[PDB]
């Protein structure tokens, strides 16, 4: 929900943010950053190009507090990279949390912990170099932070472990997940993915008939959208 966040993760360049900042009033800008669409691109690390920017500017040209709802991308699933970023990765993520709903919370919890271990090593160098002067005071602080990184390390280990077991269970349920992804990055097909877990069948049928069937695009959009894996105004097609 913050400029810096989209900047730190490379979603928006400084150049782009400059234009956006000047064209959109603070109120629209804030709505932009909070909107489901952009938050989606953030989570998938999908940086903006000139048309994304044009479309944002275009949509905001009406004083409708719901302008963000018209935002969405036209994705060509015939491009593996697009198939991966807009479909497979999102779907696998949704699927695993289905096996165990606490998993996304673990993965996210993890990152908050490593970025937290850093602040601990950085705050260690500090009171380390500082030990020069006020040596008695630094010792004090060092003992304090020493305890923290010890616990932080342990919380990480136990989380990792749960995820190790979780991934094992998921590997058992979709063994061909890996062989499928390689076949995609070469042949471009989705067959190496079979047999796919049952729940995914309603997605996989149309997904495999994208070039043959007309209403398969709509079928895939609709399946993802119900499952909250795409936007109402996202559109998918094939080469």
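Positions refer to the first chain, counted from 1.
Enquirer: Hey, which bit's got the bigger mean C-alpha B factor in the entry, 132-140 or 89-97?
Expert: It is 132-140 that shows the higher mean C-alpha B-factor.
Enquirer: Do the C-alpha atoms of 80-88 or of 109-117 have the higher average B factor in the entry?
Expert: Mean C-alpha B-factor is greater for 109-117.
Enquirer: For the C-alpha B-factor as written in the entry, point me to the maximum among 103, 71, 148, 75.
Expert: That would be 148, according to the entry.
Enquirer: Among the choices 66, 188, 206, 175, identify the one whose CA B-factor in the record is greatest.
Expert: Among 66, 188, 206, 175, the highest C-alpha B-factor in the entry belongs to 188.
Enquirer: Going by the recorded CA B-factors, say which third of the chain residue 181 sits in, lowest, middle or highest.
Expert: For residue 181, whose C-alpha B-factor we compare with every modelled residue in the chain, the answer is the middle third.
Enquirer: Going by the entry, which third of its chain does the Cα temperature factor of residue 233 land in?
Expert: Within its chain, residue 233 is a lowest-third residue by C-alpha B-factor, going by the deposited values.
Enquirer: Where does residue 10 sit by CA temperature factor within its chain: lowest, middle or highest third?
Expert: For residue 10, whose C-alpha B-factor we compare with every modelled residue in the chain, the answer is the lowest third.
Enquirer: Hey, what third does residue 198 fall into on Cα B-factor, ranked over its chain?
Expert: Its C-alpha B-factor belongs to the highest third of this chain's values.
Enquirer: What third of the chain does residue 58 rank in for C-alpha temperature factor, lowest, middle or highest?
Expert: For residue 58, whose C-alpha B-factor we compare with every modelled residue in the chain, the answer is the middle third.
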